[PDB]
>>> print(open('protein.txt').read())   # compact mmCIF, N, CA and C atoms
# COMPACT_ATOMS: atom_id res chain seq x y z
N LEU A 160 116.13 121.77 91.41
CA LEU A 160 115.12 120.82 90.86
C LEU A 160 113.74 121.11 91.44
N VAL A 161 112.76 121.30 90.56
CA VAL A 161 111.39 121.59 90.97
C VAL A 161 110.40 120.59 90.37
N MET A 162 109.69 119.88 91.25
CA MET A 162 108.69 118.90 90.82
C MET A 162 107.31 119.54 90.94
N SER A 163 106.58 119.62 89.83
CA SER A 163 105.25 120.23 89.86
C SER A 163 104.16 119.33 89.28
N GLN A 164 103.08 119.17 90.04
CA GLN A 164 101.97 118.34 89.60
C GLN A 164 100.76 119.18 89.26
N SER A 165 99.92 118.64 88.38
CA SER A 165 98.68 119.30 87.98
C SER A 165 97.80 118.26 87.32
N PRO A 166 96.47 118.43 87.41
CA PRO A 166 95.80 119.52 88.10
C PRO A 166 95.81 119.24 89.60
N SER A 167 95.54 120.25 90.41
CA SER A 167 95.53 120.04 91.85
C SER A 167 94.36 119.18 92.33
N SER A 168 93.21 119.34 91.69
CA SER A 168 92.01 118.61 92.04
C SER A 168 91.23 118.17 90.80
N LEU A 169 90.79 116.91 90.81
CA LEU A 169 90.02 116.33 89.72
C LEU A 169 88.73 115.77 90.28
N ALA A 170 87.61 116.20 89.71
CA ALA A 170 86.30 115.73 90.13
C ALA A 170 85.61 115.16 88.90
N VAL A 171 85.43 113.85 88.86
CA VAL A 171 84.80 113.22 87.71
C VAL A 171 83.72 112.23 88.12
N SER A 172 83.02 111.69 87.13
CA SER A 172 81.97 110.72 87.40
C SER A 172 82.55 109.31 87.30
N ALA A 173 81.93 108.36 87.98
CA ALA A 173 82.40 106.98 87.96
C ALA A 173 82.52 106.46 86.53
N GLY A 174 83.56 105.68 86.28
CA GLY A 174 83.77 105.11 84.96
C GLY A 174 84.57 105.97 84.00
N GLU A 175 84.75 107.25 84.33
CA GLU A 175 85.50 108.15 83.46
C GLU A 175 87.01 107.94 83.53
N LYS A 176 87.71 108.37 82.49
CA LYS A 176 89.16 108.27 82.45
C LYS A 176 89.72 109.62 82.89
N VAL A 177 90.87 109.61 83.55
CA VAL A 177 91.52 110.84 83.95
C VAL A 177 93.01 110.72 83.71
N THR A 178 93.65 111.86 83.49
CA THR A 178 95.09 111.88 83.32
C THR A 178 95.60 113.04 84.18
N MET A 179 96.77 112.86 84.76
CA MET A 179 97.38 113.90 85.59
C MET A 179 98.86 113.98 85.24
N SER A 180 99.44 115.16 85.43
CA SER A 180 100.83 115.40 85.08
C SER A 180 101.78 115.66 86.24
N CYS A 181 103.04 115.38 85.98
CA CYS A 181 104.12 115.58 86.92
C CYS A 181 105.30 116.07 86.08
N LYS A 182 105.70 117.32 86.29
CA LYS A 182 106.83 117.89 85.56
C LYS A 182 108.02 118.11 86.48
N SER A 183 109.21 118.06 85.89
CA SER A 183 110.44 118.27 86.63
C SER A 183 111.22 119.36 85.91
N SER A 184 111.94 120.18 86.67
CA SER A 184 112.73 121.26 86.09
C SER A 184 113.96 120.71 85.39
N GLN A 185 114.35 119.49 85.77
CA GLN A 185 115.52 118.83 85.18
C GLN A 185 115.14 117.42 84.74
N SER A 186 115.84 116.90 83.73
CA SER A 186 115.57 115.56 83.22
C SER A 186 115.80 114.50 84.29
N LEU A 187 114.92 113.50 84.35
CA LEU A 187 115.04 112.43 85.32
C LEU A 187 115.52 111.15 84.65
N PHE A 188 115.95 111.28 83.40
CA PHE A 188 116.43 110.15 82.63
C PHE A 188 117.92 109.91 82.87
N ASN A 189 118.25 108.69 83.28
CA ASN A 189 119.64 108.32 83.53
C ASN A 189 120.22 107.60 82.31
N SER A 190 121.31 108.14 81.78
CA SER A 190 121.96 107.55 80.61
C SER A 190 122.69 106.25 80.93
N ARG A 191 122.83 105.95 82.22
CA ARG A 191 123.51 104.74 82.66
C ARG A 191 122.59 103.52 82.58
N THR A 192 121.50 103.56 83.34
CA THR A 192 120.54 102.45 83.35
C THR A 192 119.47 102.66 82.29
N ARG A 193 119.48 103.84 81.68
CA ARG A 193 118.52 104.19 80.64
C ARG A 193 117.07 104.02 81.08
N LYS A 194 116.74 104.64 82.21
CA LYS A 194 115.40 104.60 82.77
C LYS A 194 115.11 105.92 83.48
N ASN A 195 113.83 106.23 83.63
CA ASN A 195 113.40 107.46 84.30
C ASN A 195 113.03 107.13 85.73
N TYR A 196 113.76 107.72 86.67
CA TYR A 196 113.51 107.48 88.09
C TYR A 196 112.37 108.35 88.60
N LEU A 197 111.16 107.98 88.20
CA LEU A 197 109.96 108.69 88.59
C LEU A 197 108.92 107.64 88.97
N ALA A 198 108.31 107.80 90.14
CA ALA A 198 107.30 106.86 90.60
C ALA A 198 106.00 107.58 90.94
N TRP A 199 104.92 106.81 91.05
CA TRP A 199 103.61 107.34 91.38
C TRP A 199 103.03 106.59 92.58
N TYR A 200 102.49 107.34 93.53
CA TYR A 200 101.90 106.74 94.72
C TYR A 200 100.44 107.15 94.91
N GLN A 201 99.69 106.27 95.56
CA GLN A 201 98.28 106.52 95.86
C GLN A 201 98.18 106.70 97.37
N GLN A 202 97.58 107.81 97.80
CA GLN A 202 97.47 108.09 99.22
C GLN A 202 96.03 108.31 99.65
N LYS A 203 95.50 107.37 100.42
CA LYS A 203 94.14 107.48 100.92
C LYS A 203 94.21 108.07 102.32
N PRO A 204 93.12 108.71 102.77
CA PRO A 204 93.05 109.33 104.09
C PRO A 204 93.56 108.47 105.25
N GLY A 205 94.65 108.92 105.86
CA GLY A 205 95.23 108.22 107.00
C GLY A 205 95.90 106.88 106.74
N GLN A 206 95.73 106.33 105.54
CA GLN A 206 96.33 105.04 105.21
C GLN A 206 97.81 105.16 104.83
N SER A 207 98.46 104.01 104.67
CA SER A 207 99.87 104.00 104.29
C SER A 207 99.95 104.17 102.77
N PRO A 208 100.94 104.95 102.29
CA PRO A 208 101.13 105.18 100.86
C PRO A 208 101.19 103.86 100.09
N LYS A 209 100.64 103.85 98.88
CA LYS A 209 100.66 102.64 98.06
C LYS A 209 101.39 102.89 96.75
N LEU A 210 102.46 102.14 96.52
CA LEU A 210 103.24 102.28 95.30
C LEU A 210 102.41 101.76 94.13
N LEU A 211 102.24 102.61 93.12
CA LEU A 211 101.47 102.24 91.94
C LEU A 211 102.37 101.95 90.75
N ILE A 212 103.28 102.87 90.48
CA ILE A 212 104.19 102.74 89.36
C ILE A 212 105.59 103.27 89.67
N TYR A 213 106.60 102.58 89.15
CA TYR A 213 107.99 102.98 89.32
C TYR A 213 108.68 102.89 87.96
N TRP A 214 109.83 103.54 87.83
CA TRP A 214 110.55 103.56 86.56
C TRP A 214 109.69 104.21 85.49
N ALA A 215 108.85 105.16 85.92
CA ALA A 215 107.96 105.91 85.05
C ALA A 215 106.80 105.13 84.44
N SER A 216 107.04 103.88 84.04
CA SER A 216 105.98 103.09 83.42
C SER A 216 105.83 101.65 83.90
N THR A 217 106.64 101.24 84.87
CA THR A 217 106.54 99.87 85.37
C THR A 217 105.49 99.77 86.47
N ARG A 218 104.44 99.00 86.20
CA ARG A 218 103.35 98.82 87.15
C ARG A 218 103.71 97.83 88.25
N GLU A 219 103.51 98.25 89.50
CA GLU A 219 103.81 97.41 90.66
C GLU A 219 102.86 96.22 90.71
N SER A 220 103.37 95.08 91.17
CA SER A 220 102.55 93.87 91.26
C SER A 220 101.33 94.11 92.14
N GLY A 221 100.17 93.70 91.65
CA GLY A 221 98.94 93.87 92.41
C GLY A 221 98.11 95.04 91.92
N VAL A 222 98.71 95.88 91.08
CA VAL A 222 98.03 97.05 90.54
C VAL A 222 97.39 96.72 89.19
N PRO A 223 96.08 96.98 89.05
CA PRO A 223 95.35 96.71 87.81
C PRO A 223 95.81 97.57 86.62
N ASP A 224 95.56 97.08 85.41
CA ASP A 224 95.97 97.79 84.21
C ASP A 224 95.28 99.15 84.04
N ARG A 225 94.39 99.49 84.97
CA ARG A 225 93.69 100.78 84.91
C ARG A 225 94.68 101.90 85.17
N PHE A 226 95.73 101.60 85.93
CA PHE A 226 96.77 102.57 86.26
C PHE A 226 97.92 102.42 85.27
N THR A 227 98.20 103.49 84.53
CA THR A 227 99.28 103.48 83.55
C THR A 227 100.15 104.72 83.66
N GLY A 228 101.46 104.51 83.75
CA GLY A 228 102.38 105.63 83.84
C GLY A 228 103.13 105.76 82.53
N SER A 229 103.36 107.00 82.10
CA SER A 229 104.08 107.25 80.85
C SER A 229 104.89 108.53 80.90
N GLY A 230 105.63 108.77 79.82
CA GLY A 230 106.45 109.97 79.73
C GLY A 230 107.93 109.70 79.96
N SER A 231 108.75 110.68 79.60
CA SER A 231 110.19 110.56 79.77
C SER A 231 110.84 111.94 79.80
N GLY A 232 111.99 112.04 80.45
CA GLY A 232 112.68 113.31 80.53
C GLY A 232 112.14 114.21 81.62
N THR A 233 111.25 115.12 81.24
CA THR A 233 110.69 116.06 82.21
C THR A 233 109.17 116.01 82.38
N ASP A 234 108.45 115.55 81.36
CA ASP A 234 106.99 115.49 81.44
C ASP A 234 106.47 114.07 81.61
N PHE A 235 105.89 113.79 82.77
CA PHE A 235 105.35 112.46 83.07
C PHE A 235 103.84 112.49 83.26
N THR A 236 103.19 111.36 82.96
CA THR A 236 101.74 111.25 83.05
C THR A 236 101.25 109.99 83.75
N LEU A 237 100.21 110.15 84.56
CA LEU A 237 99.59 109.01 85.22
C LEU A 237 98.17 108.96 84.66
N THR A 238 97.81 107.82 84.10
CA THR A 238 96.47 107.63 83.54
C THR A 238 95.70 106.63 84.39
N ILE A 239 94.42 106.91 84.61
CA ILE A 239 93.54 106.00 85.34
C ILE A 239 92.35 105.78 84.40
N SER A 240 92.30 104.58 83.82
CA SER A 240 91.27 104.17 82.85
C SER A 240 89.82 104.48 83.16
N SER A 241 89.26 103.78 84.14
CA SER A 241 87.87 103.99 84.52
C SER A 241 87.81 104.12 86.03
N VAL A 242 87.85 105.36 86.50
CA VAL A 242 87.82 105.66 87.92
C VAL A 242 86.68 104.99 88.68
N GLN A 243 87.00 104.48 89.87
CA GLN A 243 86.02 103.82 90.72
C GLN A 243 86.16 104.36 92.14
N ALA A 244 85.17 104.08 92.98
CA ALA A 244 85.16 104.54 94.36
C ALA A 244 86.47 104.26 95.10
N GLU A 245 87.08 103.12 94.84
CA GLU A 245 88.32 102.77 95.52
C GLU A 245 89.52 103.60 95.06
N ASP A 246 89.35 104.37 93.98
CA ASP A 246 90.44 105.19 93.46
C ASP A 246 90.50 106.57 94.13
N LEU A 247 89.47 106.90 94.90
CA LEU A 247 89.40 108.18 95.60
C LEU A 247 90.61 108.31 96.53
N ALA A 248 91.47 109.28 96.23
CA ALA A 248 92.68 109.50 97.01
C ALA A 248 93.49 110.64 96.40
N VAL A 249 94.68 110.87 96.94
CA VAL A 249 95.57 111.90 96.42
C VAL A 249 96.76 111.15 95.81
N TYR A 250 97.10 111.51 94.57
CA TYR A 250 98.20 110.89 93.85
C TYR A 250 99.44 111.77 93.78
N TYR A 251 100.57 111.20 94.19
CA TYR A 251 101.83 111.92 94.20
C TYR A 251 102.86 111.25 93.32
N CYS A 252 103.75 112.06 92.75
CA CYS A 252 104.84 111.52 91.96
C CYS A 252 106.10 111.78 92.77
N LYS A 253 107.04 110.85 92.68
CA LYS A 253 108.31 110.92 93.41
C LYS A 253 109.46 110.63 92.45
N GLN A 254 110.46 111.51 92.45
CA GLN A 254 111.63 111.33 91.59
C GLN A 254 112.81 110.86 92.43
N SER A 255 113.59 109.93 91.88
CA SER A 255 114.75 109.39 92.58
C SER A 255 116.05 109.56 91.81
N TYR A 256 116.25 110.74 91.24
CA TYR A 256 117.47 111.01 90.49
C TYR A 256 118.37 111.98 91.25
N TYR A 257 118.21 113.28 91.00
CA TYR A 257 119.00 114.29 91.70
C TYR A 257 118.62 114.30 93.18
N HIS A 258 117.32 114.21 93.43
CA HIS A 258 116.77 114.19 94.79
C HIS A 258 116.86 115.51 95.56
N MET A 259 116.50 116.61 94.91
CA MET A 259 116.50 117.92 95.55
C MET A 259 115.05 118.17 95.97
N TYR A 260 114.14 117.88 95.05
CA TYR A 260 112.71 118.00 95.28
C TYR A 260 112.20 116.60 94.97
N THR A 261 111.88 115.84 96.02
CA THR A 261 111.44 114.47 95.85
C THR A 261 110.01 114.25 95.38
N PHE A 262 109.03 114.79 96.11
CA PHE A 262 107.64 114.60 95.73
C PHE A 262 106.95 115.81 95.11
N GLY A 263 105.95 115.52 94.28
CA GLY A 263 105.18 116.58 93.67
C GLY A 263 104.13 116.96 94.70
N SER A 264 103.39 118.04 94.46
CA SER A 264 102.38 118.52 95.40
C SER A 264 101.10 117.68 95.46
N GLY A 265 100.96 116.75 94.51
CA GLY A 265 99.80 115.89 94.49
C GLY A 265 98.55 116.34 93.75
N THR A 266 97.76 115.36 93.33
CA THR A 266 96.50 115.58 92.63
C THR A 266 95.41 114.82 93.37
N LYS A 267 94.42 115.52 93.89
CA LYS A 267 93.31 114.88 94.59
C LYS A 267 92.28 114.42 93.57
N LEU A 268 91.83 113.17 93.71
CA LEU A 268 90.83 112.60 92.81
C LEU A 268 89.55 112.29 93.58
N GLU A 269 88.42 112.78 93.08
CA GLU A 269 87.14 112.53 93.72
C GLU A 269 86.06 112.27 92.67
N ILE A 270 84.91 111.76 93.11
CA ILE A 270 83.79 111.45 92.21
C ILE A 270 82.59 112.38 92.40
N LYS A 271 82.02 112.84 91.29
CA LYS A 271 80.86 113.74 91.30
C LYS A 271 81.20 115.14 91.80
>>> encode(input="protein.txt", output="structure tokens")
Amino acid sequence: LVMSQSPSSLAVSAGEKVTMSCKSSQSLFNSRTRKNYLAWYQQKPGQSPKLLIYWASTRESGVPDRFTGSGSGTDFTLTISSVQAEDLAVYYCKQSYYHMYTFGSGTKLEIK
């Protein structure tokens, strides 16, 4: 199982929308619970990881609608509506199915 994220680095202006990908070499869809065990985390410098989305598209309580997770099977997407200064961080995807390769390599988000 290979988890791959892209792009590695995103540099945009405030207010812009961005999308990032997380691919898996194997399907993360479980025919039992019928859900994709893929989550997205926000990692700021030295801070504790922050859960943004789980079950591929379920937004964690406290997270604004600006963060949206989508996709199924092998291709997943994290969308951030209008990037703001507080969004500056590295975003990682984590799969909880086979569990051979847990986290993706991450996408760094910055402004300007």
>>> closest_atom_pairs(input="protein.txt", of="range 215-267 of chain A", to="range 202-210 of chain A", cutoff="8 Å", atoms="only C-alpha atoms", output="Markdown table")
| residue | atom | partner | partner_atom | distance |
| --- | --- | --- | --- | --- |
| A:219 | CA | A:210 | CA | 6.8 |
| A:247 | CA | A:203 | CA | 7.2 |
| A:248 | CA | A:203 | CA | 4.6 |
| A:249 | CA | A:202 | CA | 5.1 |
| A:250 | CA | A:202 | CA | 6.1 |
| A:251 | CA | A:202 | CA | 7.7 |
>>> residues_near_point(input="protein.txt", point="(113.9, 115.5, 83.6)", cutoff="6.5 Å", atoms="all atoms listed in the file", output="ChimeraX atom specification")
/A:183-188,231-234
>>> atom_distance(input="protein.txt", atom1="atom C of residue 222 in chain A", atom2="atom C of residue 164 in chain A")
22.7 Å
>>> atom_distance(input="protein.txt", atom1="CA of residue 173 in chain A", atom2="atom C of residue 200 in chain A")
19.3 Å
>>> residues_around(input="protein.txt", residues="residue 221 in chain A", least_positions_apart="3", cutoff="8 Å", atoms="only N, CA and C atoms", output="list in words")
residues 211, 218 and 224 of chain A
>>> atom_distance(input="protein.txt", atom1="CA of residue 161 in chain A", atom2="atom N of residue 176 in chain A")
28.4 Å
>>> closest_residue(input="protein.txt", among="A:167, A:189, A:238, A:195", to="residue 264 in chain A", atoms="only N, CA and C atoms")
A:167
>>> select_by_dssp(input="protein.txt", residues="chain A", states="strand (DSSP E or B)", output="MDAnalysis selection string")
chainID A and resid 162:165 168:171 177:183 188:189 194:195 197:202 209:213 217:218 226:231 234:239 248:254 262 266:270
>>> closest_residue(input="protein.txt", among="A:246, A:180, A:228, A:216", to="residue 268 in chain A", atoms="all atoms listed in the file")
A:246
>>> residues_near_point(input="protein.txt", point="(111.0, 109.3, 93.0)", cutoff="10 Å", atoms="only C-alpha atoms", output="PyMOL selection string")
chain A and resi 187+195-200+213-215+251-258+260-263
>>> closest_residue(input="protein.txt", among="A:212, A:270, A:237, A:259", to="residue 171 in chain A", atoms="all atoms listed in the file")
A:270
>>> closest_residue(input="protein.txt", among="A:230, A:166, A:244, A:191", to="residue 178 in chain A", atoms="only C-alpha atoms")
A:166
>>> axis_aligned_box(input="protein.txt", around="range 233-240 of chain A", padding_each_side="6 Å", output="AutoDock Vina command-line options")
--center_x 100.5 --center_y 110.1 --center_z 83.3 --size_x 33.4 --size_y 23.9 --size_z 16.1
>>> closest_residue(input="protein.txt", among="A:271, A:162, A:217, A:225", to="residue 241 in chain A", atoms="only N, CA and C atoms")
A:225
>>> decode(input="protein.txt", residues="range 218-263 of chain A", atoms="N, CA and C atoms", output="PDB file, in the first residue's frame")
ATOM      1  N   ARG A 218     -16.746  16.224   8.267  1.00  0.00           N
ATOM      2  CA  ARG A 218     -16.027  17.327   8.894  1.00  0.00           C
ATOM      3  C   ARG A 218     -16.096  17.255  10.418  1.00  0.00           C
ATOM      4  N   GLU A 219     -14.934  17.343  11.060  1.00  0.00           N
ATOM      5  CA  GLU A 219     -14.845  17.291  12.517  1.00  0.00           C
ATOM      6  C   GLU A 219     -15.488  18.529  13.131  1.00  0.00           C
ATOM      7  N   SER A 220     -16.115  18.358  14.290  1.00  0.00           N
ATOM      8  CA  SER A 220     -16.768  19.472  14.966  1.00  0.00           C
ATOM      9  C   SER A 220     -15.767  20.583  15.255  1.00  0.00           C
ATOM     10  N   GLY A 221     -16.151  21.816  14.938  1.00  0.00           N
ATOM     11  CA  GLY A 221     -15.277  22.951  15.172  1.00  0.00           C
ATOM     12  C   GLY A 221     -14.579  23.428  13.912  1.00  0.00           C
ATOM     13  N   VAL A 222     -14.638  22.614  12.863  1.00  0.00           N
ATOM     14  CA  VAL A 222     -14.006  22.951  11.591  1.00  0.00           C
ATOM     15  C   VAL A 222     -15.001  23.644  10.661  1.00  0.00           C
ATOM     16  N   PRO A 223     -14.641  24.833  10.149  1.00  0.00           N
ATOM     17  CA  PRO A 223     -15.502  25.605   9.247  1.00  0.00           C
ATOM     18  C   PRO A 223     -15.753  24.920   7.905  1.00  0.00           C
ATOM     19  N   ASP A 224     -16.854  25.287   7.253  1.00  0.00           N
ATOM     20  CA  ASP A 224     -17.206  24.695   5.967  1.00  0.00           C
ATOM     21  C   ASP A 224     -16.190  24.982   4.864  1.00  0.00           C
ATOM     22  N   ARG A 225     -15.149  25.749   5.183  1.00  0.00           N
ATOM     23  CA  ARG A 225     -14.118  26.066   4.196  1.00  0.00           C
ATOM     24  C   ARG A 225     -13.328  24.807   3.864  1.00  0.00           C
ATOM     25  N   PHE A 226     -13.262  23.890   4.827  1.00  0.00           N
ATOM     26  CA  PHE A 226     -12.554  22.626   4.648  1.00  0.00           C
ATOM     27  C   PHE A 226     -13.541  21.556   4.207  1.00  0.00           C
ATOM     28  N   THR A 227     -13.305  20.984   3.032  1.00  0.00           N
ATOM     29  CA  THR A 227     -14.183  19.947   2.498  1.00  0.00           C
ATOM     30  C   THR A 227     -13.385  18.770   1.957  1.00  0.00           C
ATOM     31  N   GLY A 228     -13.742  17.571   2.397  1.00  0.00           N
ATOM     32  CA  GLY A 228     -13.063  16.380   1.929  1.00  0.00           C
ATOM     33  C   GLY A 228     -13.975  15.615   0.995  1.00  0.00           C
ATOM     34  N   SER A 229     -13.407  15.047  -0.065  1.00  0.00           N
ATOM     35  CA  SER A 229     -14.190  14.285  -1.029  1.00  0.00           C
ATOM     36  C   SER A 229     -13.396  13.149  -1.655  1.00  0.00           C
ATOM     37  N   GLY A 230     -14.074  12.363  -2.486  1.00  0.00           N
ATOM     38  CA  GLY A 230     -13.432  11.248  -3.153  1.00  0.00           C
ATOM     39  C   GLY A 230     -13.774   9.903  -2.543  1.00  0.00           C
ATOM     40  N   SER A 231     -13.471   8.840  -3.279  1.00  0.00           N
ATOM     41  CA  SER A 231     -13.733   7.488  -2.812  1.00  0.00           C
ATOM     42  C   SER A 231     -12.844   6.491  -3.545  1.00  0.00           C
ATOM     43  N   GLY A 232     -12.578   5.361  -2.900  1.00  0.00           N
ATOM     44  CA  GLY A 232     -11.748   4.345  -3.513  1.00  0.00           C
ATOM     45  C   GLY A 232     -10.268   4.625  -3.361  1.00  0.00           C
ATOM     46  N   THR A 233      -9.666   5.232  -4.380  1.00  0.00           N
ATOM     47  CA  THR A 233      -8.237   5.521  -4.341  1.00  0.00           C
ATOM     48  C   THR A 233      -7.852   6.993  -4.461  1.00  0.00           C
ATOM     49  N   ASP A 234      -8.708   7.808  -5.075  1.00  0.00           N
ATOM     50  CA  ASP A 234      -8.404   9.229  -5.249  1.00  0.00           C
ATOM     51  C   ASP A 234      -9.225  10.119  -4.320  1.00  0.00           C
ATOM     52  N   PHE A 235      -8.548  10.761  -3.370  1.00  0.00           N
ATOM     53  CA  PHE A 235      -9.207  11.644  -2.410  1.00  0.00           C
ATOM     54  C   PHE A 235      -8.752  13.092  -2.560  1.00  0.00           C
ATOM     55  N   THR A 236      -9.633  14.017  -2.196  1.00  0.00           N
ATOM     56  CA  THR A 236      -9.363  15.442  -2.325  1.00  0.00           C
ATOM     57  C   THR A 236      -9.717  16.269  -1.097  1.00  0.00           C
ATOM     58  N   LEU A 237      -8.862  17.233  -0.770  1.00  0.00           N
ATOM     59  CA  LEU A 237      -9.134  18.143   0.327  1.00  0.00           C
ATOM     60  C   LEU A 237      -9.242  19.517  -0.322  1.00  0.00           C
ATOM     61  N   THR A 238     -10.368  20.178  -0.093  1.00  0.00           N
ATOM     62  CA  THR A 238     -10.597  21.506  -0.638  1.00  0.00           C
ATOM     63  C   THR A 238     -10.609  22.533   0.484  1.00  0.00           C
ATOM     64  N   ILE A 239     -10.001  23.689   0.240  1.00  0.00           N
ATOM     65  CA  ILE A 239     -10.012  24.784   1.204  1.00  0.00           C
ATOM     66  C   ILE A 239     -10.540  25.981   0.417  1.00  0.00           C
ATOM     67  N   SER A 240     -11.783  26.359   0.720  1.00  0.00           N
ATOM     68  CA  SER A 240     -12.513  27.453   0.066  1.00  0.00           C
ATOM     69  C   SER A 240     -11.786  28.767  -0.170  1.00  0.00           C
ATOM     70  N   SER A 241     -11.535  29.502   0.906  1.00  0.00           N
ATOM     71  CA  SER A 241     -10.851  30.781   0.807  1.00  0.00           C
ATOM     72  C   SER A 241      -9.749  30.815   1.855  1.00  0.00           C
ATOM     73  N   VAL A 242      -8.549  30.440   1.434  1.00  0.00           N
ATOM     74  CA  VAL A 242      -7.391  30.394   2.313  1.00  0.00           C
ATOM     75  C   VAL A 242      -7.151  31.679   3.101  1.00  0.00           C
ATOM     76  N   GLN A 243      -6.811  31.514   4.373  1.00  0.00           N
ATOM     77  CA  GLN A 243      -6.530  32.638   5.251  1.00  0.00           C
ATOM     78  C   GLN A 243      -5.233  32.365   6.008  1.00  0.00           C
ATOM     79  N   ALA A 244      -4.690  33.400   6.638  1.00  0.00           N
ATOM     80  CA  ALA A 244      -3.442  33.289   7.386  1.00  0.00           C
ATOM     81  C   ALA A 244      -3.422  32.117   8.363  1.00  0.00           C
ATOM     82  N   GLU A 245      -4.553  31.840   9.002  1.00  0.00           N
ATOM     83  CA  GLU A 245      -4.612  30.743   9.959  1.00  0.00           C
ATOM     84  C   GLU A 245      -4.560  29.360   9.310  1.00  0.00           C
ATOM     85  N   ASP A 246      -4.669  29.309   7.984  1.00  0.00           N
ATOM     86  CA  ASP A 246      -4.632  28.036   7.269  1.00  0.00           C
ATOM     87  C   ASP A 246      -3.206  27.601   6.921  1.00  0.00           C
ATOM     88  N   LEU A 247      -2.249  28.507   7.101  1.00  0.00           N
ATOM     89  CA  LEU A 247      -0.847  28.222   6.808  1.00  0.00           C
ATOM     90  C   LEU A 247      -0.390  27.034   7.650  1.00  0.00           C
ATOM     91  N   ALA A 248      -0.054  25.940   6.974  1.00  0.00           N
ATOM     92  CA  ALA A 248       0.371  24.714   7.638  1.00  0.00           C
ATOM     93  C   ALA A 248       0.634  23.619   6.611  1.00  0.00           C
ATOM     94  N   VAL A 249       0.913  22.414   7.097  1.00  0.00           N
ATOM     95  CA  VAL A 249       1.135  21.277   6.218  1.00  0.00           C
ATOM     96  C   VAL A 249      -0.047  20.337   6.444  1.00  0.00           C
ATOM     97  N   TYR A 250      -0.665  19.898   5.350  1.00  0.00           N
ATOM     98  CA  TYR A 250      -1.818  19.006   5.402  1.00  0.00           C
ATOM     99  C   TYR A 250      -1.478  17.574   5.024  1.00  0.00           C
ATOM    100  N   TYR A 251      -1.846  16.646   5.899  1.00  0.00           N
ATOM    101  CA  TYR A 251      -1.577  15.238   5.685  1.00  0.00           C
ATOM    102  C   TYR A 251      -2.850  14.422   5.630  1.00  0.00           C
ATOM    103  N   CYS A 252      -2.817  13.348   4.853  1.00  0.00           N
ATOM    104  CA  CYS A 252      -3.945  12.440   4.795  1.00  0.00           C
ATOM    105  C   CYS A 252      -3.481  11.164   5.479  1.00  0.00           C
ATOM    106  N   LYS A 253      -4.409  10.513   6.171  1.00  0.00           N
ATOM    107  CA  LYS A 253      -4.139   9.279   6.905  1.00  0.00           C
ATOM    108  C   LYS A 253      -5.213   8.245   6.577  1.00  0.00           C
ATOM    109  N   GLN A 254      -4.780   7.044   6.208  1.00  0.00           N
ATOM    110  CA  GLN A 254      -5.704   5.962   5.886  1.00  0.00           C
ATOM    111  C   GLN A 254      -5.743   4.956   7.031  1.00  0.00           C
ATOM    112  N   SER A 255      -6.937   4.464   7.348  1.00  0.00           N
ATOM    113  CA  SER A 255      -7.103   3.503   8.434  1.00  0.00           C
ATOM    114  C   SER A 255      -7.750   2.199   7.979  1.00  0.00           C
ATOM    115  N   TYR A 256      -7.305   1.672   6.842  1.00  0.00           N
ATOM    116  CA  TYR A 256      -7.854   0.423   6.328  1.00  0.00           C
ATOM    117  C   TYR A 256      -6.825  -0.698   6.460  1.00  0.00           C
ATOM    118  N   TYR A 257      -6.015  -0.900   5.423  1.00  0.00           N
ATOM    119  CA  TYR A 257      -4.989  -1.940   5.458  1.00  0.00           C
ATOM    120  C   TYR A 257      -3.934  -1.571   6.497  1.00  0.00           C
ATOM    121  N   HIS A 258      -3.564  -0.294   6.508  1.00  0.00           N
ATOM    122  CA  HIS A 258      -2.578   0.248   7.438  1.00  0.00           C
ATOM    123  C   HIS A 258      -1.130  -0.192   7.212  1.00  0.00           C
ATOM    124  N   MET A 259      -0.686  -0.154   5.958  1.00  0.00           N
ATOM    125  CA  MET A 259       0.691  -0.505   5.616  1.00  0.00           C
ATOM    126  C   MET A 259       1.443   0.818   5.511  1.00  0.00           C
ATOM    127  N   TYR A 260       0.809   1.770   4.835  1.00  0.00           N
ATOM    128  CA  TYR A 260       1.340   3.116   4.665  1.00  0.00           C
ATOM    129  C   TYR A 260       0.222   3.984   5.224  1.00  0.00           C
ATOM    130  N   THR A 261       0.424   4.505   6.428  1.00  0.00           N
ATOM    131  CA  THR A 261      -0.596   5.305   7.090  1.00  0.00           C
ATOM    132  C   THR A 261      -0.770   6.743   6.607  1.00  0.00           C
ATOM    133  N   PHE A 262       0.298   7.533   6.634  1.00  0.00           N
ATOM    134  CA  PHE A 262       0.199   8.925   6.216  1.00  0.00           C
ATOM    135  C   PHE A 262       0.803   9.251   4.861  1.00  0.00           C
ATOM    136  N   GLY A 263       0.259  10.290   4.233  1.00  0.00           N
ATOM    137  CA  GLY A 263       0.778  10.740   2.957  1.00  0.00           C
ATOM    138  C   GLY A 263       1.948  11.644   3.306  1.00  0.00           C
TER     139      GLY A 263
END
